[PDB]
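Comments concern the structure below.
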Amino acid sequence: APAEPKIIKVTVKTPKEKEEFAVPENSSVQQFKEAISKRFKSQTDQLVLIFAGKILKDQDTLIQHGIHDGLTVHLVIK
Amino acid sequence: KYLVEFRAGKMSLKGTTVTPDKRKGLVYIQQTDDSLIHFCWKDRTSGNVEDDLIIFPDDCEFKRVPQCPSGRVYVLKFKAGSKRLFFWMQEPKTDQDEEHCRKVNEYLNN
């Protein structure tokens, strides 16, 4: 059963360092949100990703515009 | 109100070349209740806001392009992804060219 092994490179810029995560090109944002909160141990609802002038949340889709192929995103709590 | 505002023309990337618009625009820095900084380009004629983007620290940079005969061409480059916006000062004197740039960088990253 294929689940698309197309793992994209998402670089998370946080107020600490710049770590790179690996997620499938067919997953929901909510799934990623809960991943960051567990790995970095910060927040989930207040955890907002940024793609230069654009807010990334569970309203849009990272694999749709945010991360096309190895891009840098920011993390804020506003 | 606008935190920072100055007359500057926008540029449009056509195909693979940055073509400057001859229109008169006003680059202003706005801040909403969401504490999000908004960088918008307002047309001085229609009064409509075309481009509106949310600015965040540790990912924005506004500097002047040295390779320009006029020396009034500034560029807003993001450190996230691929975003390079070019603008040219439409102010009467260059006395506040750098001053405006300094303000922008401050209010954007801070």
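Using the Cβ atoms and a cut-off under 9 Å, what net charge is assigned to the surroundings of A:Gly66, where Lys and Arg are +1 and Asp and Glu are -1? Here the charged neighbours net out to 0. Summing charges over all other residues whose Cβ lies under 14 Å from the Cβ of B:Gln31, with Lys and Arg as +1 and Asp and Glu as -1, gives -2. Each of A:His65, B:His38, A:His74 was scored by other Cβ atoms within 10 Å of its Cβ. Listed from fewest to most, they are A:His65, B:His38, A:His74. In chain A, the alpha-carbon atoms span a convex hull of 93 Å³ per residue. Build a GNM of chain B with springs between Cα atoms under 10 Å: which of B:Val18, B:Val27, B:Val73 gets the top mean-square fluctuation? Taking springs between Cα atoms under 10 Å, the residue moving most is B:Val18. With the convex hull drawn over the C-alpha atoms of the protein assembly as shown, the volume per residue is 153 Å³.
Label positions at B:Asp43 and A:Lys54, each projected 7 Å from the Cα along the C-beta direction, are separated by 2.3 nm. Taking the helices alone, chain B has a mean residue ellipticity at 222 nm of -3500 deg cm²/dmol, built from -39,500 (n - 2.57) per DSSP H run of at least 4 residues and averaged over all its residues. Exposure proxy for B:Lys42, A:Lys78: other Cβ atoms within 10 Å of each Cβ, ordered fewest to most, give A:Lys78, B:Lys42. Rounded to the nearest 0.05, the FRET efficiency derived from the C-beta distance between A:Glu25 and B:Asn105 at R0 = 25 Å is 0.10.
Antiparallel versus total DSSP beta bridges in chain A: what percent is that, nearest 5? Percentage antiparallel, nearest 5: 75.
For B:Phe78, the shell of other residues with beta-carbons less than 10 Å away shows a net charge of +2, using +1 for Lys and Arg and -1 for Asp and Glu. Dimensions of chain B based on its C-alpha atoms, expressed as ranges along the principal axes with the largest first, amount to 39, 31, 30 Å.
Helix A:29-39 and the long axis of chain A differ in direction by around 60°, with both axes built from C-alpha atoms.
If you plug the beta carbon distance of A:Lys16 and B:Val65 into 1/(1 + (r/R0)^6) with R0 = 41 Å, you get a FRET efficiency near 0.80. Taking the range B:69-89 and a reference point 7 angstrom along Cα→Cβ of B:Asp51, the backbone N atoms nearer than 16 Å belong to B:73-89.
Summing Cβ point charges (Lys, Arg +1; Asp, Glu -1) relative to the Cα centre of chain A gives a dipole of roughly 320 debye. Legend: ranking of residues B:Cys60, B:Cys68 from fewest to most surrounding C-beta atoms inside 10 Å; resulting order B:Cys68, B:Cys60.
Computed from the coordinates by the stated procedures, all read-outs in this text should not be read as laboratory data. Virtual Cβ from ideal backbone geometry, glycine too; neighbours counted across all protein chains shown.
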